Structures are given as C-alpha cells and as structure tokens.
Amino acid sequence: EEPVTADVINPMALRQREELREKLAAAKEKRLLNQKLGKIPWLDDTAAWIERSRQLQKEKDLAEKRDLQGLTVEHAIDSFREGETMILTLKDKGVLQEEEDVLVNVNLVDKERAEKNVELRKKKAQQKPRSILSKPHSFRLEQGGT
Amino acid sequence: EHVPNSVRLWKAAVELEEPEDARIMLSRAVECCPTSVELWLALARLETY
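Below, the discussion takes up the overall build of chain B. Each helix and strand in chain B was counted, giving three helices and zero strands. In terms of overall dimensions, chain B has C-alpha extents of about 35 × 20 × 15 Å along its principal axes.

See below:
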C-alpha cells in the first residue's frame, strides 16, 4: 500500500563517503598532532663552543675519578581422567577473526571427531535437527584450574 | 655537545668550519679519539711552517 522510508544503498558512493571521512580524520589528526609537535652567542661562534666542549671534557674526566582465569577449554570437564596430566594448545582461528581464545587438546578433539563420525554412521527445542546448522562443550577457568 | 666518539660528526663539522677552528676541533677530536688518523692527517695538512 505505502512503502516505508528506504535509503538507497549506493555501493560506490559509499566508498567516496568513506574516503572523504578518512581524509577528514587524517586532517583532524594532523591538526591535533601539530599542536603536540609544534611546541619545539654560542650558536654563531666556534671558539666559544670548543671552550665549552673542553670544559665539559674536563668535567667528565673529573667525574671519572601462571594464572589463566577465563580461558575457555572446549572440552567437557568429565573428558579429563584422574591420575595423569595432558597438554592443551590453542585452537586455530583467523587473526582478524575477533573471538575469545579457547584451549584444545588434539587427541581429545580427535576422539570427539571419531565419536561424531561413529554416531553419524549409525543414526541413519523446536526443529532440533537443523538447529545445529544455524548455531560447544566448554568451561571457564578460574584462578588457574577449576 | 654529547661528546661522541664518532669521527663522522667531527668530519662533517670540520669541513664547514673556519680553518683555525677546524684544526682546533680536530685536536679536540684527537683528544677524544687518539685512533682517529684522519683527524691527525687533516691537522698535519694544516701544519703551517
């Protein structure tokens, strides 16, 4: 009946706007930084300077005489067996990918992958089967261990 | 003015200084760095009569 107000998305005019914004930001940074940067006899004769240098040389000669709280572990607490210790390493993530670092054991992940593969080879709150697609067993460390 | 052992600063200062002041600065550098044979040779180049 009546369309609601929509701003036209121009992919390449937005680039011009971004470039103008970047130029304005650079100019503002230059103006701000020049204030912090623009704040800063013996200059015309040499014999006086050499006398001062010799005096300073004489002066120098005279003076000659453990805690990892908050680090998630992407494994169930029950996965770890008493009586032995085992090593955790960081899971691979992209550098630009802004996300929390998780601690991972390669052997435990291999075991979980094998379990998932076994389950999928034998299986042949709303709409659960496709909830995994749109969207995990981790615990948070506190003052070291938990 | 920081008394550097480098000869490059002394060499740059001397080549644009007055010859008497140049040789005095060369003597000062030799006092700072006796091993600077370049400064001694330059002073000997102005050894006069």
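Now that the structure is up, let's keep going.
The next point concerns the sheet that holds strand β3 (residues 102-104) of chain A. Residues and elements named next belong to chain A. Judged by pairing direction, the sheet is mixed, and its four strands sit side by side in the order β2-β3-β1-β4 without closing on themselves. Because the sheet does not close on itself, it has two edges, and the strands there are β2 (89-90) and β4 (139-140). In the sheet, strand β1 (residues 72-73) pairs with β3 via two bridges, with the strands oriented parallel. By the bridge assignment for β3, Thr-72 is matched with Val-102.

This next bit is on the interface of chain B and chain A. Facing twelve residues of chain B, the contacting portion of chain A comprises eight residues. In terms of residue count, helix α2 (residues 19-32) of chain B provides more of the side of chain B that touches chain A than any other element does, six residues in total. Here the residues of the side of chain B that touches chain A are counted per class, giving five nonpolar, two polar and five charged.

All names here are of chain A. A complete count under the given rule lists two salt bridges over all chains for this structure. Close ionic contact of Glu-74 with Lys-91 constitutes a salt bridge, the shortest N to O distance being 3.6 Å. You can see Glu-74 sitting in the loop between β1 and β2 and its partner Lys-91 sitting in the loop between β2 and β3, a full 17 residues away along the chain. In this structure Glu-74 comes out as partly exposed when scored by relative accessible area, which is 24%.

A contiguous patch of negative charge on the surface is contributed by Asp-44, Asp-45 and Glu-51 of chain A together with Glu-18 and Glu-20 of chain B. Within the element layout of this structure, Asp-44 of chain A appears in the loop between α1 (11-37) and α2 (47-64). Owing to a relative accessible area of 71%, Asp-44 of chain A belongs among the exposed residues under this scheme.

The periodicity of an α-helix, 3.6 residues per turn, causes residues three or four places apart in sequence to face the same way. All names here are of chain A. Taking 1.5 Å of rise per residue, the 18 residues of α2 would be expected to cover 26 Å, and the 25 Å separating its terminal C-alpha atoms lies within 8% of that figure. Those residues of α2 that fall on the buried side of the exposure criterion are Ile-50, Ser-53 and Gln-57. The buried residues of α2 occupy an angular sector of 55° when the element is viewed end-on, so they sit on one face. What points out from α2, more than 90 degrees from its buried face, is the exposed set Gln-55, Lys-58, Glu-59, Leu-62 and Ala-63.

Our focus in this paragraph is the packing of aromatic side chains. Scanning all chains against the criterion turns up one aromatic pair over all chains. In this arrangement the basic side chain of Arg-52 of chain A is found over the ring face of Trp-42 of chain A, its NZ or CZ atom lying 4.2 Å from the centre.

All names here are of chain B. Mapping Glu-20 onto the fold places it in helix α2. A residue is classified by how much of its surface remains accessible, and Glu-20, at 60% relative accessible area, is exposed. Once the C-alpha coordinates of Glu-20 and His-2 are considered, the two residues, 18 residues apart in sequence, prove to be 22 Å apart.

Conventions and cut-offs
Residues numbered from 1 in each chain as written, not as in the entry; some residues may be left out. Chains lettered and ligands numbered in written order. Part of a larger assembly, values for the part shown. Heavy atoms only, no water. Residues with missing side-chain atoms left out of burial classes, pairs and counts. Helix = DSSP H or I, 4+ residues; strand = E, 2+ residues; numbered from the N terminus. Pairing = 2+ DSSP bridges. Contact = heavy atoms within 4.5 Å. Nonpolar A, V, L, I, M, F, W, Y, C, P; charged D, E, K, R; others polar. Salt bridge = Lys/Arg side-chain N within 4 Å of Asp/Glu carboxyl O. Buried < 20%, exposed > 50% of the residue type's maximum accessible area, 1.4 Å probe, protein only. Patch = residues over 30% accessible without salt bridge, like charges linked within 9 Å, V, L, I, M, F, W, Y side chains within 5 Å. Areas by Shrake-Rupley, 256 points an atom, 1.4 Å probe, with all protein chains shown as cover. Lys, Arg positive; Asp, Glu negative; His and termini not counted. Charge placed at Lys NZ, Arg CZ, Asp CG, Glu CD. Expected span 1.5 Å × (residues − 1). Arc of directions from axis to C-beta. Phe/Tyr/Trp six-rings, centres within 6.5 Å; stacked < 30°, edge-to-face > 60°. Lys NZ or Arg CZ within 6 Å of the ring centre and 35° of its normal.

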